[PDB]
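Here's the structure we're looking at; comments come further down.
Bear in mind these aren't lab numbers, they're just calculated from the coordinates by the rules spelled out. All Cβ positions, even for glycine, are placed from backbone atoms using ideal geometry, and neighbour counts span all protein chains on display.
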Protein chains: 4
Amino acid sequence: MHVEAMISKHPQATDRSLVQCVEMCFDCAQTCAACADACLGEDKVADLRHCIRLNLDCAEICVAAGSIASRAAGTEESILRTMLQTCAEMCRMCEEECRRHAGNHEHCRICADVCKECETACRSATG
Amino acid sequence: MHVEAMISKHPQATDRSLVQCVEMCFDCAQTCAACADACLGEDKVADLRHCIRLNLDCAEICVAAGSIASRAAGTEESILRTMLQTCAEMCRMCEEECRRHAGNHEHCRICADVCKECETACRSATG
Amino acid sequence: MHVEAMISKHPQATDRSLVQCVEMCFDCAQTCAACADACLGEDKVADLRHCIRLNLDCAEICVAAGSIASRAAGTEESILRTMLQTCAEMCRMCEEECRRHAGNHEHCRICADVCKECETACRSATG
Amino acid sequence: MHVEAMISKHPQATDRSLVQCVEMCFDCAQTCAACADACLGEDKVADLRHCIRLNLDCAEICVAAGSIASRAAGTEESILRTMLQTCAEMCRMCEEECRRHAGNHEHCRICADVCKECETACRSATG
């Protein structure tokens, strides 16, 4: 990724927790998109419906969060903290469902691990 | 829009507040994208930087919210309420900034009005 | 939608085919998201895997197209025509697959009809 | 990223050009979002209007492309090639405009370089 390089060159600019969060949002978005599709292709797709939905929700929220986190927030009201908290909660929910399938589907194991890491990164960027 | 028609035909299906919310999310997303671009093209773009950012944030959150709201949430944990609350807060913030420019820029007046309506619809879908 | 109102107020601004295209892109994006989810919830989800994928692809392309079409393109090189042509082709593909399921699933009938209309609107905006 | 890990675990699954393309799409999407915001914050924002628009267009197309490229396409008609070609053309256009500002704005230099690489990766995945 070029998150770190680009933050340093912004005219309103270092912030390690923010860089980690942005990087994880884009990684998690892709991973969740891929997991949704993999689950879709499984013989057992009917057992994976909720996992697919959560993965699609998570991909969408992660892209939004990572994009908003790439912008200057100002010092008055901004959505960044709220959005990162939403992302953390979405990643927590998606992790839980992927994790339940992790013994049966390797793609769900990987996605659960990425969601856990993205949750941690988003929650850490809020403090 | 086809929100109402599609909800009624879902196998897990009426919900007027949900239909209004989805419709408003997509309307607001487009309107905010358009307002960001219009502000970008203004002679006075330098005075509109924060408005442009909020409009881009709002467009992104509205698309995410409207997409998530188009899916079955289940009866355990789901992100829907959290996401709709985030959308409401984003629309409130974006409304406030557009409104400040509404006397000078008609596109900001229209976008403030749409954001206000989307805020109301999202907050109403949470109750 | 507020497409028409916002185009008229842009500082670089009428264009009926462009308004129709933008409106249809957002309508189709929502409809395809909803159809993907409805198909996901069907007893027969395993027969609908390709339809679900095409609907997700279509939702994503329609949002991108509708957002790009909401911006000033300039008079040198721009992506608008290329993107609208891609959207038209995606809508054609998605229509074809939804249509095949239209006898069995009302949500697929509606989505096929919306995709057809969005295809027409995008192709018309290119001429 | 987890692109490679997730492709290998898909039930319909190696493809190096596809992995490189997906990775570059998400990297480029973030970079373009960041460049648009950085240009927005410049004293000279009024000279960067077209660059900002192209960066927003590019971010949107790159996310769509990277998401579609993360899904099984089948062996009949699919949008993948068309979408990757659109992404390549968008990245070419965005590169050209960023490059013109690269002497004045380091964020534009970095974004031009990422766009060039994403263009190459998308065009290579089409062959």
- Item | Residue check for C:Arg49: surrounded by fewer than 22 Cβ atoms within 10 Å (Cβ to Cβ), outside any loop (DSSP other than H, G, I, E, B), in contact with a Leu (Cβ under 8 Å, 6 or more places away or on another chain) and away from chain B (no Cβ under 11 Å) | yes
- How about region B:88-113: which of its residues are among the charged types (D, E, K, R) and within 14 Å of the chain's Cα centre (by Cα)? B:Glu89, B:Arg92, B:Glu95, B:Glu96, B:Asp113
- Message: Looking only at region A:1-31, filter to residues that are of a type in the set (S, T, N, Q) and surrounded by 19 or more Cβ atoms within 10 Å (Cβ to Cβ); which one of those is nearest to A:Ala121 (Cα to Cα)?
- Response: A:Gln20
- Quick one: in region D:71-93, which of the residues that are of a type in the set (S, T, N, Q) and not in a helix (DSSP H, G or I) is farthest from C:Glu77 (Cα to Cα)? D:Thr75
- Test each condition in (1) under 27 Å from A:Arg92 (Cβ atoms); (2) part of a helix (DSSP H, G or I); (3) more than 9 Å from every other protein chain (Cβ to nearest Cβ) for B:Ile68 and report the one that comes out false. (3)
- Every residue from region A:107-127 that is under 21 Å from A:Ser67 (Cα atoms) and either of a type in the set (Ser, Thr, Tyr) or surrounded by 24 or more Cβ atoms within 10 Å (Cβ to Cβ) (or both): A:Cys111, A:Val114, A:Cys115, A:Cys118, A:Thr120, A:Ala121, A:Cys122, A:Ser124, A:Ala125, A:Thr126
- Of the residues D:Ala64, D:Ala73, D:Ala38, which single one is of a type in the set (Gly, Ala, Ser) and within 19 Å of C:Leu80 (Cβ to Cβ)? D:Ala64
- Go through region B:1-39 and give me each residue that's facing chain C (nearest Cβ under 8 Å), of a type in the set (A, V, I, L, M, F, W, C) and assigned to a helix (DSSP H, G or I). B:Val3, B:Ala5, B:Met6, B:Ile7, B:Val22, B:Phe26, B:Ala29, B:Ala33, B:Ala34, B:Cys35, B:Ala38
- Filter region A:66-77 down to the residues that are in contact with a helix residue (DSSP H, G or I) (Cβ under 7 Å, 6 or more places away or on another chain), of a type outside the set (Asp, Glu) and on the phi < 0 side of the Ramachandran plot, then identify the one that is surrounded by the fewest Cβ atoms within 10 Å (Cβ to Cβ). A:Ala73
- Task: Of all residues in region C:94-106, count the ones that are at the interface with chain B (Cβ under 9 Å from one of its Cβ atoms) and either outside any helix (DSSP H, G or I) or crowded, with 22+ Cβ neighbours inside 10 Å (or both).
- Result: 1
- Task: Determine which single condition C:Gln85 fails, assuming it passes every other condition in (1) under 14 Å from the mean Cα position of the chain (by Cα); (2) crowded, with 24+ Cβ neighbours inside 10 Å.
- Result: (2)
